[PDB]
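Here's protein.pdb, which has PDB, C-alpha atoms and all ligand atoms:
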```pdb
ATOM      1  CA  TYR L   1      22.389  66.029 -42.038  1.00  0.00           C
ATOM      2  CA  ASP L   2      20.296  63.628 -44.195  1.00  0.00           C
ATOM      3  CA  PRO L   3      18.713  60.663 -42.264  1.00  0.00           C
ATOM      4  CA  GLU L   4      18.126  58.564 -45.453  1.00  0.00           C
ATOM      5  CA  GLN L   5      21.870  58.772 -46.387  1.00  0.00           C
ATOM      6  CA  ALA L   6      22.910  57.947 -42.759  1.00  0.00           C
ATOM      7  CA  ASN L   7      20.783  54.743 -42.783  1.00  0.00           C
ATOM      8  CA  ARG L   8      22.167  53.803 -46.270  1.00  0.00           C
ATOM      9  CA  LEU L   9      25.806  54.241 -45.048  1.00  0.00           C
ATOM     10  CA  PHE L  10      25.079  52.079 -42.010  1.00  0.00           C
ATOM     11  CA  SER L  11      23.538  49.242 -44.195  1.00  0.00           C
ATOM     12  CA  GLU L  12      26.439  49.370 -46.667  1.00  0.00           C
ATOM     13  CA  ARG L  13      28.993  49.186 -43.841  1.00  0.00           C
ATOM     14  CA  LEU L  14      26.955  46.385 -42.162  1.00  0.00           C
ATOM     15  CA  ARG L  15      26.812  44.383 -45.493  1.00  0.00           C
ATOM     16  CA  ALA L  16      30.644  44.881 -45.906  1.00  0.00           C
ATOM     17  CA  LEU L  17      31.060  43.514 -42.343  1.00  0.00           C
ATOM     18  CA  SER L  18      28.736  40.524 -43.019  1.00  0.00           C
ATOM     19  CA  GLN L  19      30.801  39.760 -46.183  1.00  0.00           C
ATOM     20  CA  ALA L  20      34.018  39.748 -44.070  1.00  0.00           C
ATOM     21  CA  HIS L  21      32.343  37.548 -41.443  1.00  0.00           C
ATOM     22  CA  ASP L  22      31.163  35.037 -44.078  1.00  0.00           C
ATOM     23  CA  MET L  23      34.781  34.700 -45.376  1.00  0.00           C
ATOM     24  CA  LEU L  24      35.669  33.766 -41.726  1.00  0.00           C
ATOM     25  CA  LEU L  25      32.643  31.434 -41.319  1.00  0.00           C
ATOM     26  CA  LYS L  26      33.474  29.484 -44.569  1.00  0.00           C
ATOM     27  CA  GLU L  27      37.176  29.104 -43.553  1.00  0.00           C
ATOM     28  CA  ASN L  28      36.109  27.810 -40.042  1.00  0.00           C
ATOM     29  CA  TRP L  29      33.329  25.328 -40.921  1.00  0.00           C
ATOM     30  CA  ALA L  30      34.839  22.517 -38.741  1.00  0.00           C
ATOM     31  CA  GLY L  31      35.133  24.607 -35.624  1.00  0.00           C
ATOM     32  CA  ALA L  32      38.204  24.651 -33.416  1.00  0.00           C
ATOM     33  CA  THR L  33      39.455  24.306 -29.840  1.00  0.00           C
ATOM     34  CA  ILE L  34      39.831  27.435 -27.642  1.00  0.00           C
ATOM     35  CA  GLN L  35      43.660  26.721 -27.679  1.00  0.00           C
ATOM     36  CA  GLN L  36      43.791  26.685 -31.563  1.00  0.00           C
ATOM     37  CA  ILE L  37      41.459  29.775 -31.791  1.00  0.00           C
ATOM     38  CA  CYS L  38      43.427  31.685 -29.186  1.00  0.00           C
ATOM     39  CA  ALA L  39      46.927  30.809 -30.567  1.00  0.00           C
ATOM     40  CA  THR L  40      45.800  31.442 -34.208  1.00  0.00           C
ATOM     41  CA  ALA L  41      44.143  34.890 -33.617  1.00  0.00           C
ATOM     42  CA  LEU L  42      46.910  36.075 -31.227  1.00  0.00           C
ATOM     43  CA  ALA L  43      49.845  34.766 -33.355  1.00  0.00           C
ATOM     44  CA  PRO L  44      50.640  38.250 -34.948  1.00  0.00           C
ATOM     45  CA  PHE L  45      50.791  39.674 -31.374  1.00  0.00           C
ATOM     46  CA  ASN L  46      53.031  36.826 -29.973  1.00  0.00           C
ATOM     47  CA  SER L  47      55.669  37.742 -32.645  1.00  0.00           C
ATOM     48  CA  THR L  48      55.790  41.483 -31.603  1.00  0.00           C
ATOM     49  CA  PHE L  49      55.219  40.888 -27.791  1.00  0.00           C
ATOM     50  CA  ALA L  50      57.067  37.603 -26.979  1.00  0.00           C
ATOM     51  CA  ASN L  51      56.231  35.982 -23.578  1.00  0.00           C
ATOM     52  CA  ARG L  52      53.599  38.712 -22.793  1.00  0.00           C
ATOM     53  CA  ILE L  53      50.442  36.744 -23.760  1.00  0.00           C
ATOM     54  CA  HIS L  54      49.633  33.655 -21.671  1.00  0.00           C
ATOM     55  CA  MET L  55      46.899  31.087 -22.434  1.00  0.00           C
ATOM     56  CA  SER L  56      45.812  28.247 -20.173  1.00  0.00           C
ATOM     57  CA  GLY L  57      42.771  25.996 -20.091  1.00  0.00           C
ATOM     58  CA  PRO L  58      41.396  22.528 -20.895  1.00  0.00           C
ATOM     59  CA  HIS L  59      41.217  20.998 -24.411  1.00  0.00           C
ATOM     60  CA  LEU L  60      37.758  22.083 -25.517  1.00  0.00           C
ATOM     61  CA  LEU L  61      36.151  22.016 -28.940  1.00  0.00           C
ATOM     62  CA  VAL L  62      33.807  24.801 -29.974  1.00  0.00           C
ATOM     63  CA  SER L  63      31.527  25.302 -33.096  1.00  0.00           C
ATOM     64  CA  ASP L  64      32.217  27.312 -36.314  1.00  0.00           C
ATOM     65  CA  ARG L  65      30.173  30.358 -35.194  1.00  0.00           C
ATOM     66  CA  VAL L  66      31.887  30.560 -31.769  1.00  0.00           C
ATOM     67  CA  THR L  67      35.298  30.016 -33.389  1.00  0.00           C
ATOM     68  CA  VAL L  68      34.652  33.022 -35.627  1.00  0.00           C
ATOM     69  CA  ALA L  69      33.139  35.233 -32.827  1.00  0.00           C
ATOM     70  CA  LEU L  70      35.948  34.348 -30.377  1.00  0.00           C
ATOM     71  CA  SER L  71      38.652  34.951 -33.032  1.00  0.00           C
ATOM     72  CA  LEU L  72      37.528  38.455 -33.760  1.00  0.00           C
ATOM     73  CA  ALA L  73      36.987  39.085 -29.998  1.00  0.00           C
ATOM     74  CA  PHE L  74      40.588  37.946 -29.192  1.00  0.00           C
ATOM     75  CA  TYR L  75      41.968  39.942 -32.186  1.00  0.00           C
ATOM     76  CA  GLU L  76      39.999  43.080 -31.245  1.00  0.00           C
ATOM     77  CA  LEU L  77      41.037  42.816 -27.553  1.00  0.00           C
ATOM     78  CA  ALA L  78      44.735  42.470 -28.445  1.00  0.00           C
ATOM     79  CA  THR L  79      44.394  45.441 -30.896  1.00  0.00           C
ATOM     80  CA  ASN L  80      43.184  47.584 -27.931  1.00  0.00           C
ATOM     81  CA  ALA L  81      45.752  46.056 -25.488  1.00  0.00           C
ATOM     82  CA  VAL L  82      48.535  47.543 -27.755  1.00  0.00           C
ATOM     83  CA  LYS L  83      46.720  50.911 -28.069  1.00  0.00           C
ATOM     84  CA  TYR L  84      45.518  51.375 -24.408  1.00  0.00           C
ATOM     85  CA  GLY L  85      46.273  48.420 -22.078  1.00  0.00           C
ATOM     86  CA  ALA L  86      48.817  45.726 -21.125  1.00  0.00           C
ATOM     87  CA  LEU L  87      50.662  45.837 -24.482  1.00  0.00           C
ATOM     88  CA  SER L  88      50.922  49.677 -24.708  1.00  0.00           C
ATOM     89  CA  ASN L  89      53.887  49.632 -22.221  1.00  0.00           C
ATOM     90  CA  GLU L  90      56.825  47.165 -21.797  1.00  0.00           C
ATOM     91  CA  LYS L  91      55.922  45.310 -18.518  1.00  0.00           C
ATOM     92  CA  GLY L  92      52.163  44.737 -19.118  1.00  0.00           C
ATOM     93  CA  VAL L  93      50.888  41.170 -19.569  1.00  0.00           C
ATOM     94  CA  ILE L  94      47.672  39.402 -20.829  1.00  0.00           C
ATOM     95  CA  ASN L  95      46.385  36.209 -19.179  1.00  0.00           C
ATOM     96  CA  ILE L  96      43.684  34.283 -21.118  1.00  0.00           C
ATOM     97  CA  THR L  97      42.255  31.520 -19.009  1.00  0.00           C
ATOM     98  CA  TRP L  98      39.329  29.176 -19.570  1.00  0.00           C
ATOM     99  CA  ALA L  99      37.853  26.178 -17.720  1.00  0.00           C
ATOM    100  CA  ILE L 100      34.841  23.812 -17.218  1.00  0.00           C
ATOM    101  CA  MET L 101      32.955  24.763 -14.006  1.00  0.00           C
ATOM    102  CA  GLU L 102      30.215  23.176 -11.870  1.00  0.00           C
ATOM    103  CA  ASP L 103      27.209  24.800 -10.142  1.00  0.00           C
ATOM    104  CA  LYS L 104      26.329  21.728  -7.937  1.00  0.00           C
ATOM    105  CA  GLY L 105      25.241  19.790 -11.088  1.00  0.00           C
ATOM    106  CA  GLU L 106      25.084  22.332 -13.974  1.00  0.00           C
ATOM    107  CA  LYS L 107      28.360  22.283 -16.056  1.00  0.00           C
ATOM    108  CA  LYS L 108      29.497  25.774 -17.269  1.00  0.00           C
ATOM    109  CA  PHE L 109      32.254  27.224 -19.510  1.00  0.00           C
ATOM    110  CA  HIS L 110      34.230  30.076 -18.000  1.00  0.00           C
ATOM    111  CA  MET L 111      36.694  32.278 -19.794  1.00  0.00           C
ATOM    112  CA  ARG L 112      38.774  35.219 -18.597  1.00  0.00           C
ATOM    113  CA  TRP L 113      40.788  37.831 -20.535  1.00  0.00           C
ATOM    114  CA  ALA L 114      42.897  39.533 -17.820  1.00  0.00           C
ATOM    115  CA  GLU L 115      45.272  42.496 -18.433  1.00  0.00           C
ATOM    116  CA  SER L 116      47.810  43.253 -15.618  1.00  0.00           C
ATOM    117  CA  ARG L 117      50.999  45.377 -14.971  1.00  0.00           C
ATOM    118  CA  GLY L 118      49.821  47.794 -17.734  1.00  0.00           C
ATOM    119  CA  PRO L 119      49.158  51.571 -17.450  1.00  0.00           C
ATOM    120  CA  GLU L 120      46.315  52.901 -15.226  1.00  0.00           C
ATOM    121  CA  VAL L 121      42.891  52.461 -16.761  1.00  0.00           C
ATOM    122  CA  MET L 122      41.473  56.003 -16.596  1.00  0.00           C
ATOM    123  CA  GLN L 123      37.904  56.357 -15.235  1.00  0.00           C
ATOM    124  CA  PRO L 124      35.868  57.509 -18.373  1.00  0.00           C
ATOM    125  CA  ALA L 125      36.845  54.305 -20.310  1.00  0.00           C
ATOM    126  CA  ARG L 126      33.514  53.586 -22.122  1.00  0.00           C
ATOM    127  CA  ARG L 127      33.135  51.139 -25.106  1.00  0.00           C
ATOM    128  CA  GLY L 128      32.121  52.323 -28.597  1.00  0.00           C
ATOM    129  CA  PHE L 129      29.608  50.577 -30.916  1.00  0.00           C
ATOM    130  CA  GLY L 130      32.115  48.066 -32.414  1.00  0.00           C
ATOM    131  CA  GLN L 131      33.452  46.389 -29.240  1.00  0.00           C
ATOM    132  CA  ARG L 132      29.919  46.533 -27.753  1.00  0.00           C
ATOM    133  CA  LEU L 133      28.682  44.748 -30.916  1.00  0.00           C
ATOM    134  CA  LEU L 134      31.520  42.169 -30.939  1.00  0.00           C
ATOM    135  CA  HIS L 135      30.907  41.398 -27.184  1.00  0.00           C
ATOM    136  CA  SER L 136      27.168  41.043 -27.910  1.00  0.00           C
ATOM    137  CA  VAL L 137      27.818  38.707 -30.892  1.00  0.00           C
ATOM    138  CA  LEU L 138      30.311  36.606 -28.859  1.00  0.00           C
ATOM    139  CA  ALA L 139      27.868  36.348 -25.845  1.00  0.00           C
ATOM    140  CA  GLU L 140      24.899  35.482 -28.137  1.00  0.00           C
ATOM    141  CA  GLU L 141      26.860  32.716 -29.977  1.00  0.00           C
ATOM    142  CA  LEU L 142      27.947  31.326 -26.568  1.00  0.00           C
ATOM    143  CA  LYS L 143      24.479  32.056 -24.961  1.00  0.00           C
ATOM    144  CA  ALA L 144      26.701  33.605 -22.208  1.00  0.00           C
ATOM    145  CA  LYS L 145      26.667  36.223 -19.457  1.00  0.00           C
ATOM    146  CA  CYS L 146      29.556  38.514 -20.302  1.00  0.00           C
ATOM    147  CA  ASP L 147      31.115  40.905 -17.724  1.00  0.00           C
ATOM    148  CA  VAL L 148      33.476  43.695 -18.803  1.00  0.00           C
ATOM    149  CA  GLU L 149      35.424  45.512 -16.075  1.00  0.00           C
ATOM    150  CA  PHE L 150      37.676  48.477 -16.830  1.00  0.00           C
ATOM    151  CA  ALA L 151      39.543  48.043 -13.474  1.00  0.00           C
ATOM    152  CA  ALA L 152      42.390  50.618 -12.951  1.00  0.00           C
ATOM    153  CA  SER L 153      44.810  47.610 -12.608  1.00  0.00           C
ATOM    154  CA  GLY L 154      43.778  46.378 -16.116  1.00  0.00           C
ATOM    155  CA  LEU L 155      40.814  45.341 -18.304  1.00  0.00           C
ATOM    156  CA  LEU L 156      39.094  42.135 -17.100  1.00  0.00           C
ATOM    157  CA  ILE L 157      36.535  40.300 -19.293  1.00  0.00           C
ATOM    158  CA  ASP L 158      34.589  37.344 -17.929  1.00  0.00           C
ATOM    159  CA  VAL L 159      32.426  34.951 -19.926  1.00  0.00           C
ATOM    160  CA  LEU L 160      30.162  32.356 -18.246  1.00  0.00           C
ATOM    161  CA  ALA L 161      28.273  29.994 -20.526  1.00  0.00           C
ATOM    162  CA  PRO L 162      26.050  26.913 -20.162  1.00  0.00           C
ATOM    163  CA  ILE L 163      27.409  23.874 -22.000  1.00  0.00           C
ATOM    164  CA  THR L 164      25.217  22.814 -24.982  1.00  0.00           C
ATOM    165  CA  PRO L 165      26.249  20.458 -27.889  1.00  0.00           C
ATOM    166  CA  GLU L 166      25.399  23.190 -30.481  1.00  0.00           C
ATOM    167  CA  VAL L 167      28.132  25.472 -28.998  1.00  0.00           C
ATOM    168  CA  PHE L 168      30.509  22.713 -27.621  1.00  0.00           C
ATOM    169  CA  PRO L 169      30.385  19.690 -30.001  1.00  0.00           C
ATOM    170  CA  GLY L 170      30.590  16.294 -28.315  1.00  0.00           C
ATOM    171  CA  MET L 171      29.140  17.686 -25.019  1.00  0.00           C
TER     172      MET L 171
HETATM  173  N1  LIG T 201      42.700  47.101 -23.047  1.00  0.00           N
HETATM  174  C1  LIG T 201      42.321  48.325 -22.663  1.00  0.00           C
HETATM  175  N2  LIG T 201      42.930  48.882 -21.587  1.00  0.00           N
HETATM  176  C2  LIG T 201      42.588  50.123 -21.224  1.00  0.00           C
HETATM  177  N3  LIG T 201      41.681  50.937 -21.776  1.00  0.00           N
HETATM  178  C3  LIG T 201      41.072  50.352 -22.821  1.00  0.00           C
HETATM  179  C4  LIG T 201      41.334  49.088 -23.329  1.00  0.00           C
HETATM  180  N4  LIG T 201      40.526  48.823 -24.424  1.00  0.00           N
HETATM  181  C5  LIG T 201      39.794  49.906 -24.541  1.00  0.00           C
HETATM  182  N5  LIG T 201      40.064  50.868 -23.602  1.00  0.00           N
HETATM  183  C6  LIG T 201      39.405  52.164 -23.427  1.00  0.00           C
HETATM  184  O1  LIG T 201      38.082  52.100 -23.932  1.00  0.00           O
HETATM  185  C7  LIG T 201      37.848  53.237 -24.787  1.00  0.00           C
HETATM  186  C8  LIG T 201      36.809  52.892 -25.823  1.00  0.00           C
HETATM  187  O2  LIG T 201      37.407  51.946 -26.729  1.00  0.00           O
HETATM  188  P1  LIG T 201      36.748  51.331 -28.064  1.00  0.00           P
HETATM  189  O3  LIG T 201      37.818  50.614 -28.795  1.00  0.00           O
HETATM  190  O4  LIG T 201      35.662  50.517 -27.350  1.00  0.00           O
HETATM  191  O5  LIG T 201      35.994  52.521 -28.794  1.00  0.00           O
HETATM  192  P2  LIG T 201      36.466  53.840 -29.591  1.00  0.00           P
HETATM  193  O6  LIG T 201      35.287  53.845 -30.569  1.00  0.00           O
HETATM  194  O7  LIG T 201      36.385  54.899 -28.444  1.00  0.00           O
HETATM  195  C9  LIG T 201      38.091  53.706 -30.208  1.00  0.00           C
HETATM  196  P3  LIG T 201      38.421  52.565 -31.514  1.00  0.00           P
HETATM  197  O8  LIG T 201      37.132  52.095 -32.111  1.00  0.00           O
HETATM  198  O9  LIG T 201      39.307  53.311 -32.538  1.00  0.00           O
HETATM  199  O10 LIG T 201      39.269  51.411 -30.926  1.00  0.00           O
HETATM  200  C10 LIG T 201      39.228  53.575 -25.336  1.00  0.00           C
HETATM  201  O11 LIG T 201      39.334  54.902 -25.837  1.00  0.00           O
HETATM  202  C11 LIG T 201      40.120  53.331 -24.123  1.00  0.00           C
HETATM  203  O12 LIG T 201      40.176  54.466 -23.272  1.00  0.00           O
END
```
Please lay out the structure from this file as structure tokens.
Ligand SMILES: Nc1ncnc2c1ncn2[C@@H]1O[C@H](COP(=O)(O)OP(=O)(O)CP(=O)(O)O)[C@@H](O)[C@H]1O
Amino acid sequence: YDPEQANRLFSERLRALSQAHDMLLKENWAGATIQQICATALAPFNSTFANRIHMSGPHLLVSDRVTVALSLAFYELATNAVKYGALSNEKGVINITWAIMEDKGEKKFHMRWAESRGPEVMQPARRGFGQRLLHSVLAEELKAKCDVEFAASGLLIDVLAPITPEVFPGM
């Protein structure tokens, strides 16, 4: 081991990641709706796994940063769904649902990624740096409380965010 080389490798890999994220940020300058984000990111998966990914929610416009964060989150979640969850078998299904909530006056954005009818989700299922990082980036861009549950019945991700015009333009 050499700590100086380990730090250098981490920076170089981080810079490579930032470069890839800027390519996405430039492309997505106008933002997008959850529907457009969701359908666009999950299009390669809808080809391979027809009628196994379901999306439902109101028409809702989101900023450039959230469109990028959410795209990679959706892509990364589907990548794992094929390797471990609902898309690893033949009967497993993914339900992406979002909506505009109300806490007796305060308007909130809620989103759920729900995997069902997939294989059993075995007890020591613990996230690595990448997914942890993506979830953290997504939650920070949304200024959201994010809950990740590795339920035996299937992975359940919940996002609860306050509505601000920075994150949700024209709101
Ligand atoms: N949709 C899903 N359904 C069931 N288990 C899942 C899952 N997504 C992830 N897991 C579990 O979480 C573990 C950790 O996954 P993660 O992708 O976070 O890190 P990793 O670094 O262990 C593998 P990799 O980075 O190659 O995907 C996986 O090994 C798997 O057991």
All residues having an atom within 6 Å of ligand LIG 201 (chain T) (only C-alpha atoms and all ligand atoms) as a PyMOL selection string: chain L and resi 80-81+84-85+121+125-128+131+155
Given only C-alpha atoms as the counted atoms, nearest of L:163, L:148, L:25, L:78 to residue 66 in chain L: L:25
Residue neighbourhood residue 136 in chain L, 12 Å, all atoms listed in the file, exclusion window fewer than 3 positions, as a PyMOL selection string: chain L and resi 69-70+73+129-133+139-148+159
Distance query residue 71 in chain L at most 8 Å, only C-alpha atoms, self and fewer than 6 positions along chain excluded, as a ChimeraX atom specification: /L:37-38,41
The PyMOL selection byres (((chain L and resi 93) around 6) and not hetatm) resolved against shown file, as a PyMOL selection string: chain L and resi 52+86+92+94+115-116
Put those residues in a file: C-alpha atoms, as a JSON list (two decimals), in the frame of the given file.
```json
[["chain", "number", "residue", "atom", "x", "y", "z"],
["L", 52, "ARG", "CA", 53.60, 38.71, -22.79],
["L", 86, "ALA", "CA", 48.82, 45.73, -21.12],
["L", 92, "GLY", "CA", 52.16, 44.74, -19.12],
["L", 94, "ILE", "CA", 47.67, 39.40, -20.83],
["L", 115, "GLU", "CA", 45.27, 42.50, -18.43],
["L", 116, "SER", "CA", 47.81, 43.25, -15.62]]
```
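Residues with at least one atom no more than 7 Å from (44.9, 34.0, -18.4), using all atoms listed in the file, are residues 54, 55, 56, 94, 95, 96, 97, 112, 113 and 114 of chain L.
All residues of protein, DNA or RNA that reach within 12 Å of residue 22 in chain L, judged by all atoms listed in the file and not counting those fewer than 6 positions away in the chain, are residues 15, 16, 28, 29, 64, 65, 68 and 69 of chain L.
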Selection file, C-alpha atoms, as a PDB file, in the frame of the given file:
```
ATOM      1  CA  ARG L  15      26.812  44.383 -45.493  1.00  0.00           C
ATOM      2  CA  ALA L  16      30.644  44.881 -45.906  1.00  0.00           C
ATOM      3  CA  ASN L  28      36.109  27.810 -40.042  1.00  0.00           C
ATOM      4  CA  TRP L  29      33.329  25.328 -40.921  1.00  0.00           C
ATOM      5  CA  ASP L  64      32.217  27.312 -36.314  1.00  0.00           C
ATOM      6  CA  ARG L  65      30.173  30.358 -35.194  1.00  0.00           C
ATOM      7  CA  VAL L  68      34.652  33.022 -35.627  1.00  0.00           C
ATOM      8  CA  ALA L  69      33.139  35.233 -32.827  1.00  0.00           C
TER       9      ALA L  69
END
```
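Using all atoms listed in the file, the nearest neighbour of residue 43 in chain L within the list L:57, L:171, L:75, L:20 is L:75.
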I need every residue sitting at most 7 Å from the point (37.0, 24.6, -35.3) (coordinates as in the file, all atoms listed in the file considered), written as a PDB file with C-alpha atoms, in the coordinates of the input.
```pdb
ATOM      1  CA  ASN L  28      36.109  27.810 -40.042  1.00  0.00           C
ATOM      2  CA  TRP L  29      33.329  25.328 -40.921  1.00  0.00           C
ATOM      3  CA  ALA L  30      34.839  22.517 -38.741  1.00  0.00           C
ATOM      4  CA  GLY L  31      35.133  24.607 -35.624  1.00  0.00           C
ATOM      5  CA  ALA L  32      38.204  24.651 -33.416  1.00  0.00           C
ATOM      6  CA  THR L  33      39.455  24.306 -29.840  1.00  0.00           C
ATOM      7  CA  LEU L  61      36.151  22.016 -28.940  1.00  0.00           C
ATOM      8  CA  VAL L  62      33.807  24.801 -29.974  1.00  0.00           C
ATOM      9  CA  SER L  63      31.527  25.302 -33.096  1.00  0.00           C
ATOM     10  CA  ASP L  64      32.217  27.312 -36.314  1.00  0.00           C
ATOM     11  CA  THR L  67      35.298  30.016 -33.389  1.00  0.00           C
TER      12      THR L  67
END
```
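Proximity ranking of L:59, L:124, L:5, L:82 relative to residue 34 in chain L places L:59 first, based on all atoms listed in the file.
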CA of residue 35 in chain L to CA of residue 98 in chain L, straight-line distance in Å: 9.5 Å
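Between CA of residue 60 in chain L and CA of residue 135 in chain L the interatomic distance comes to 20.6 Å.
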Two-atom distance - CA of residue 109 in chain L, CA of residue 161 in chain L (Å): 5.0 Å
